[PDB]
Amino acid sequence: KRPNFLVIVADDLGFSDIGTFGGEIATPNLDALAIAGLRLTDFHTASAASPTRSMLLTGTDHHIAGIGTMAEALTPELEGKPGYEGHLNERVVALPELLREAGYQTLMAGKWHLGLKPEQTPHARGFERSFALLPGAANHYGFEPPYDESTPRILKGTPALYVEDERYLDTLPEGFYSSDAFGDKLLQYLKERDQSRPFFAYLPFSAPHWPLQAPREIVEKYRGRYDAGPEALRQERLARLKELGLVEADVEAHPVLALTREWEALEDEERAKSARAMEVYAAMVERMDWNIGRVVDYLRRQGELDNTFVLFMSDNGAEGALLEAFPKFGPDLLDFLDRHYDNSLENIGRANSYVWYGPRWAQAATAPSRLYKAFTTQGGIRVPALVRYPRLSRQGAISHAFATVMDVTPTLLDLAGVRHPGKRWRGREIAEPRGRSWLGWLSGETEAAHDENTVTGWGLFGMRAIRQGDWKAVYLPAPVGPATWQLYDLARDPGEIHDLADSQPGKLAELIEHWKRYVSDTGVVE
């Protein structure tokens, strides 16, 4: 029989957060899947949420699929540019659209971030059943601030805007907490399914994305765990990554860069609030894991899990952003939060708190990689991923084989026996995948789905990367980089520390040719 699919996406989860990826956070359900499956150390997304999601569900690049930049970042200049529509566009066909016409039941519960309008919903784009947060974020409990002209832009852009199928919801249920509600709905849809046909189940959490919020009883489990701070944590993560074989023992970690005060420079009250944010974060991840368990355990008891291809991934690097640092997110975010929320120590994590853990906590989870979410360095794009499917040969191991989010759609089509329709679908021109099916690799026929000549690009927020084999060039503009192409050998320098631009000018030049072709193939506009 054709397999089921369960595609689970964490939101801004960091590389070493989960237990089997070197973390101290309780993730038993994921860990059971991970150790019996295949853990990926060289799996890549885009550097931010909607770009990644557009790639996941198409098998092509975000600049083609409609999210050339984030909608919330769109300009009048970028306006009519193809692929910069700000929603999944009609130049692509989505994975669920293809499966659904081939007899799969398409079921989703979670964050969408691929369009706000009726014709852009999961219902519109291939899901027979869906319960979805349409924006990029929202209050986990559905506590909404006043909305008027004076509301910070980052809050105006993140209302708790939910749909079920075609119905825009006017209320949320009592006791609504995002991760629990997604677990509840997806379980509902699975229990309500036609058991005589396969399913494609999509479970995009909004945890552990800001605002950091979680049940108090889970936050309590972490009381005091993070009192030694983000650098002490980074060292624990690095040690554990090397003990587990996820990173080689000789790997040189990128230095931590931030403009904030280091832990030892903070006052006791400042530390206590920052540590509490990280305790809350941990609980978000544990609670997400618990919901995943509810879904997976149900499938297991049904006798369906072993014929379910289970993919878990984060959508981008850990979130190091200081939301107060960007005037576009304002005006006066901190003041608004001071007047509308309660970020007192004892209230952090509750519905009427609103915190984010910042650059030092984030870089603890991306280490040894350079930087974090919204950068084209490895910190922003290399994400934890696991595949559990016992029909595959490559299970029980850790793989450092190059892989991307664009490989997923072709892999699942392949397993489903469903052909990509080529260049036309429903009477319109569509893009063909840029990724490659993982089947030969995971079936043990080949060592990897890519090779030394594979070329992949990235570009978002003025930053660039271009990679061929294990050679990668990066471009970070001022004030966050040198506004010049830097060149790295990822096989020797996973931390992107040693710029080889001057010593290997021919390799850089080759990569710059690839970058131009990437721009041209995908329609990148800066």
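Each residue number is its position in the shown sequence, starting from 1.
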Problem - Mean C-alpha B-factor comparison - 221-229 and 150-158, higher one - result: 150-158
Exercise for the section: With reference to the PDB entry, specify whether the mean Cα temperature factor is higher for 66-74 or for 31-39. Expected result: 66-74
Practice task
Have a look at 135, 303, 368, 331 and flag the one whose Cα has the highest B-factor in the entry.
Solution key: 331
Handout entry: 382, 436, 388, 261, ranked by C-alpha B-factor: the highest one
Key = 436
Exercise for the section: Please place residue 488 in the lowest, middle or highest third of its chain by C-alpha B factor as given in the entry. Expected result: middle
Fill in the blank from the handout: Split the chain's modelled residues into thirds by Cα B-factor; residue 475 lands in the middle
Problem - residue 79 - which third its CA temperature factor falls in, relative to the rest of the chain - result: highest
Practice task
Just say lowest, middle or highest third for the CA B-factor of residue 120 relative to the other modelled residues in its chain.
Solution key: highest
Exercise for the section: Divide the modelled residues of the chain into thirds by Cα B-factor and specify which third, lowest, middle or highest, holds residue 340. Expected result: middle
